[PDB]
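In what follows, a structure is listed as structure tokens, so that the remarks can point back to it.
Heavy-atom basis, side chains included; hydrogens, waters and symmetry copies ignored. Here is how names work: the chains are called A, B, and so on, in the same order as the sequence lines, proteins then strands, and each is numbered from 1.
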Protein chains: 2
Amino acid sequence: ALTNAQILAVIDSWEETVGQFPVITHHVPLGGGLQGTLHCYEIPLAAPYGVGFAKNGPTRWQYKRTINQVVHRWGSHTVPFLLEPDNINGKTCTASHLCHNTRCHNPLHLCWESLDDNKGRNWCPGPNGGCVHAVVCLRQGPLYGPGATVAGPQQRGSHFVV
Amino acid sequence: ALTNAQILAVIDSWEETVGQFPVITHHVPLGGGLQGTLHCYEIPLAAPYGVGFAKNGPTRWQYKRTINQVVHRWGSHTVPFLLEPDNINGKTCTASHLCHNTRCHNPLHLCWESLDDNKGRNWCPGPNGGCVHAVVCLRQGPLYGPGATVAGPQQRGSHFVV
DNA sequence: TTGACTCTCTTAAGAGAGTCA
DNA sequence: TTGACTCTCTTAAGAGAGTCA
Ligand code: NA
Ligand code: NA
Ligand SMILES: [Zn+2]
Ligand SMILES: [Zn+2]
Ligand SMILES: [Zn+2]
Ligand SMILES: [Zn+2]
């Protein structure tokens with residue numbers, strides 16, 4: 001809600017509830033042929049999810065609290081960042097999963113960045129493979145690699161140059 | 001429907017028309033601190049665009065040819081790939097700008113790959129900075145770099161471990 | 001047969017808000 | 001007040017199809 005105290009109370013309640021989500025260990029590629037281990041705090045697959053939580057889409061949830069007799073609601077991963085600017089360079093700030101695990105609500109696996117920065121982590125080589133993200137990746141992006149391109153650049157005639 | 005020869009004729013007419021688009025020389029990052037040059041064949045900003053071409057969205061165009069009284073229409077960047085498989089790994093193939101310049105229709109600046117592979121090139125370090133795309137990038141992706149993350153992973157209490 | 005417009009849709013990273021009990 | 005559902009929207013890489021003369 002409006003007050004900094006009220007916002008801290010929301011973050012604290014959220015952390016306590018998410019802290020009771022099941023902790024699932026995931027071993028992950030780091031880049032450079034190395035492997036690491038992440039501990040994701042995963043929201044349940046079906047109701048009940050936890051106090052304050054409800055599912056609004058297949059992999060979307062919201063956190064809600066009643067403050068001043070009014071319901072306040074947020075995207076379930078946005079709560080850690082309620083005291084941060086909600087935009088950057090004129091782009092909306094989004095909750096970004098460093099663990100690439102949507103059900104995970106561990107705030108140690110989340111950052112707050114533009115949607116472009118968020119998306120780009122999918123292809124990052126990882127913290128041991130050349131990640132240059134200033135807020136470092138926790139793992140190599142799941143889509144990193146050579147790709148599966150069907151056809152490359154080509155022309156039939158002689159009208160084009162690179 | 002259209003025979004191999006007829007498809008080849010569509011590709012040839014498309015190349016003839018695109019080859020007459022304004023050719024714009026762009027200096028671009030290659031990765032590794034090096035700069036290179038790309039020559040983009042840019043569709044005009046407003047009508048007329050060229051024989052067979054029409055705008056269906058702010059940066060979307062289509063190519064149309066009428067063969068034996070039947071109107072055929074394709075996305076304007078898909079024409080170079082009409083003789084290629086249109087899916088791979090159960091994913092639709094998309095025209096992917098190696099030059100990251102949507103108005104460009106140079107077929108030497110296009111490849112044909114899944115939408116995920118396509119998007120991922122936005123963050124590639126480039127052909128001189130570590131690109132691992134099997135069909136190599138022509139330049140460093142425009143979104144490569146440290147990012148502009150507003151807030152990193154953090155907790156207020158001690159409920160979580162990474 | 002052609003040009004110049006019109007409309008909505010896909011994907012996978014993300015969102016806000018209303019209906020009931 | 002709290003829970004469990006429902007709906008549509010945003011973005012930026014991409015698409016197909018209709019109308020009129
Ligand atoms: Na993400
Ligand atoms: Na692209
Ligand atoms: Zn996680
Ligand atoms: Zn990274
Ligand atoms: Zn180009
Ligand atoms: Zn590349």
Atom-pair distance ([atom1] on [X]; [atom2] on [N]), nearest Å:
{"X": "A/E113", "N": "C/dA15", "atom1": "CD", "atom2": "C1'", "value": "16 Å"}
{"X": "B/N87", "N": "D/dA15", "atom1": "CG", "atom2": "P", "value": "14 Å"}
{"X": "B/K119", "N": "C/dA12", "atom1": "NZ", "atom2": "P", "value": "7 Å"}
{"X": "B/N101", "N": "D/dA13", "atom1": "CG", "atom2": "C1'", "value": "14 Å"}
{"X": "B/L82", "N": "D/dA15", "atom1": "CG", "atom2": "P", "value": "11 Å"}
{"X": "A/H72", "N": "C/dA15", "atom1": "NE2", "atom2": "P", "value": "19 Å"}

Taking pairing as Watson-Crick or G-U wobble with both contacts under 3.5 Å, can you name the mate of C/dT19, or confirm there isn't one?
D/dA4
Classified through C1'-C2'-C3'-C4' with positive north and negative south, C/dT8 counts as south
The side chain of [X] is closest to which nucleotide in this list: [options]?
{"X": "B/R73", "options": "D/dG18, C/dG3, D/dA12", "value": "D/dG18"}
{"X": "B/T66", "options": "C/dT2, D/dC7, C/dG14", "value": "C/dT2"}
{"X": "A/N122", "options": "C/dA13, C/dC5, D/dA15", "value": "C/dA13"}
{"X": "A/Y49", "options": "C/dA4, D/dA4, D/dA13", "value": "D/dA4"}
{"X": "A/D116", "options": "C/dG3, C/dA4, D/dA12", "value": "D/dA12"}
{"X": "A/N56", "options": "D/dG16, C/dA17, D/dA12", "value": "C/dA17"}

What class does the angle between the rings of A/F53 and A/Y63 fall in, given that below 30° is parallel, 30 to 60° is tilted and above 60° is perpendicular?
tilted
Parallel, tilted or perpendicular, as decided by the 30° and 60° cut-offs, for the rings of A/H105 and A/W14:
tilted
[X] near the nucleic acid: base, sugar-phosphate alone, or nothing, with a heavy-atom cut-off under 4.0 Å?
{"X": "B/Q69", "result": "nothing"}
{"X": "A/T92", "result": "nothing"}
{"X": "B/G52", "result": "sugar-phosphate"}
{"X": "A/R60", "result": "base"}
{"X": "A/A47", "result": "sugar-phosphate"}

Got a donor-acceptor pair under 3.5 Å from the side chain of A/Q62 to the base of C/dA15?
no
Any N or O donor-acceptor pair under 3.5 Å from the base of C/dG3 to the side chain of B/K64?
yes
[X] side chain N/O closer than 4.0 Å to the phosphate oxygens (OP1, OP2) of [N]?
{"X": "B/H77", "N": "D/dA13", "value": "no"}
{"X": "B/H97", "N": "D/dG14", "value": "yes"}
{"X": "A/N118", "N": "C/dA13", "value": "no"}

Do other residues, nucleotides or ligands put more than 12 heavy atoms under 6.0 Å from the CG atom of A/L83?
yes
Does B/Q35, at its CD atom, have more than 12 non-hydrogen atoms belonging to other residues, nucleotides or ligands within less than 6.0 Å?
yes
Between A/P125 and B/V132, is any pair of side-chain heavy atoms under 4.5 Å apart?
no
